[PDB]
Amino acid sequence: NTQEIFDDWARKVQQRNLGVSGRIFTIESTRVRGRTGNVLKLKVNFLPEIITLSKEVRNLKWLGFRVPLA
Amino acid sequence: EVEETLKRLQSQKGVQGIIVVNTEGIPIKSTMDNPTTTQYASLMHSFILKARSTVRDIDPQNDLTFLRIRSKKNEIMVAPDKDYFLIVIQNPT
Amino acid sequence: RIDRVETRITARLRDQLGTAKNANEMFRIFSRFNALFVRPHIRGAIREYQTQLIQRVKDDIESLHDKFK
Amino acid sequence: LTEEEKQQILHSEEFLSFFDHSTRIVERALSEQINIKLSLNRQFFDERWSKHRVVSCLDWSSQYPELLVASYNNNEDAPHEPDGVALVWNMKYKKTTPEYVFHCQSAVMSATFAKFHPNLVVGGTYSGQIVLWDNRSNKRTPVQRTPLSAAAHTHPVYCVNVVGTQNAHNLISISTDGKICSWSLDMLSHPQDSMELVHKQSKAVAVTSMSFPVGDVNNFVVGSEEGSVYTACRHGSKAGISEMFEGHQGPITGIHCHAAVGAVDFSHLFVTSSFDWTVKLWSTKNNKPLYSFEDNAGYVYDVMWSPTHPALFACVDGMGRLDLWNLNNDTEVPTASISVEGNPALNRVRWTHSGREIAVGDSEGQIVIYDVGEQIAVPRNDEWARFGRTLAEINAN
Amino acid sequence: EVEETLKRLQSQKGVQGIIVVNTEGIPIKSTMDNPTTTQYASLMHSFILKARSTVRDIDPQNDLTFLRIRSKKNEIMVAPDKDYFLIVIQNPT
């Protein structure tokens, strides 16, 4: 009944999910790497951050737990 | 007692025919007419003897022990004994 | 009559809290009888069953902190 | 003879059925012959497809029984391997290899079966797509995928289920934005009924592995961000979030309504397995916790009601203890419990459509099915309602 | 996934080698000694034709689906299809 795991997820939702959960800027965030095809491949700030997005929603409102202003 | 084995196999699930070869391609214990038992088991006897020669061509010490021809409408199990063989036709379902 | 109801209630709650011995199990088991966890003549027996019920409750909260870690 | 002729014929569009029937027949001849209370029935393990791949969700096949779609969230282990695995396994044959592998282009999430469809494995993915696999094909790549438009799905589809009879068979797949979309089971390029579960506060409700009561209604039990089960519709004015079942403190993980009625009343009651470490029995018209079960060690990843015995349920935890609970005899203790080897965070619980068998989605890879014969459809229709009444009498202290 | 088919069907015990011969008598899919099994493939295909004649001559509407040749040393199971065939030797393991 404090903020340890809730604070970790709160900080994730605040900074690690700033461009993932509240991704108002990372709308079309493509990838810049090497692969097979040489086309518009993508790796957005929320792609591997599905845990950051779900952490934001379900953790910030898992019990009305910790969540920063951002 | 082969009579109880045959009578027990009468009301079994899907039995098309319970026969057995008896004179090296010429059956005697027939529950069907002349072609279905004698001619069909004769063709089966000749073809299983050819299969014996087939696996014998692969290895002469490798003879046959059992044959199971499962198909869309029938499953023919062949039990090869010393002289006479055995042909039992059963339903696939 | 209240003492007899308390004794029978304490017997039922003791048979339940003896059987059910977890946190909520022994809790609602010792509290399954109103006169057991209410009347003092039976609240002493409720405390006797609570000596294990509160122990399992403490185990549940301690294991809760350990599992939360 | 030559490598060109062999490789052209082996890869010709003639040998696809030849390789399918060859693998089917040789795997059919795999049963070795001879020529001379929880059962803990069987475990499912695949080497190229089930290792460090957590199970997304399991699903029993209403048509073609003893079939379950073991969806798999392909982790960051093998990127070259096609992300997402949906393995179909066989119980009647008792095989060790998966019958048909159904990989994808994204980590498949909650892949289920499609009712009134013999060769249609439906399933959401990590790319927000509810991909579709055909059992007729040999290529294990899904030929039908889902769009990602504003009307289509955006979040990874964590729950796809069918609702409706042969007249209006709907593919209700829901995202965690509340966007529910009814899709057709033939074409997957355009949704049929697309909308969002708008709420008063926090519209994008993180739904979680919903279900439907027996009868295929449009109302689904939404396992919200903190319990708050929203029985919601799809059409009419009640479309979107309609009823809220609050009095919970955690995100639901597996939520299943009443299965097929075996021998008791309809029992319009669902159950919530969640991160709250305790299973909770609820009614579809209660808005009060009907009964909160014992605080299990670890979360409660899934729960399911058996169609044979619609008065009991199986639930899981992080330690690996599958607990089935009947309430006709028990009040605060589980009925039958069994664990899996080691401590696997058992993710799923799915009772077979015929009942008395439990599919448990383990931690990573393996899927353990259970069999029982003790809990049958005993005609205790009155005792179940009486126990529910005593629960409604004792819960109010 | 042809190599996956060879590795998975060869993973079962008793299977000495997945020597799948087509209707042409050529070892289209094999993993054992080619000259020794080439004669075996041609012989087994000729007797596969004998079994096809057996099924098509005993009954008109019958189609050979699967064959089991339990030999003395091995269990030569034949998997015939509508277009080609399969030869797989599995010992009584």
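Just a few scattered comments:
A, B, C, D and E are the chain letters, set down in written order, and residue numbers restart from 1 in every chain.
In this section, a residue touches a chain if its C-beta (ideal position, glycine included) is under 8 Å from a C-beta of that chain, and two chains touch if they have at least 3 such contacts.
Looking at the partners of subunit A and subunit D together, they share no chain. Central chain by Cα centroid: D, whose mean Cα position is closest to the mean of all protein Cα atoms. Subunit C and subunit D, compared by their mean Cα positions, are separated by 38 Å.
Annotation: 49 Å between the Cα-based centres of subunit B and subunit D. Separating the CA-averaged centres of subunit C and subunit E is a span of 72 Å. Touching two or more other chains at once are residues 66, 68, 70 of subunit E. The multi-chain contact residues of subunit A, meaning those touching 2 or more other chains, do not exist; every residue touches at most one other chain. Residue numbers of subunit D whose C-beta contacts span two or more other chains: 35. Interchain contacts give a graph that is no line, ring or star and is not complete, per the touch definition above. By the definition given earlier, chain contacts exist for A-D, B-E, C-D, D-E. Contact residues on subunit E toward subunit B in their complex (touch as defined above): 40, 43-44, 47, 50-51, 54-55, 57-59, 61-74, 76. Residues 1-2, 4-5, 8-9, 12, 14, 20, 26, 28-29, 66, 68, 70, 77, 79, 81, 83-84, 86, 88, 90, 92-93 of subunit E are the ones touching subunit D in the complex. Within the complex formed with subunit D, the residues of subunit A that make contact are 50, 53-54, 57-58, 61-64. For subunit D in complex with subunit A, the residues that touch the partner chain are 126, 155-156, 176, 202, 204, 206, 225-226, 249-251, 275.
By the touch criterion given at the top, residues 277, 292, 294-295, 297-298, 318, 331-333, 394 of subunit D touch subunit C in their complex.
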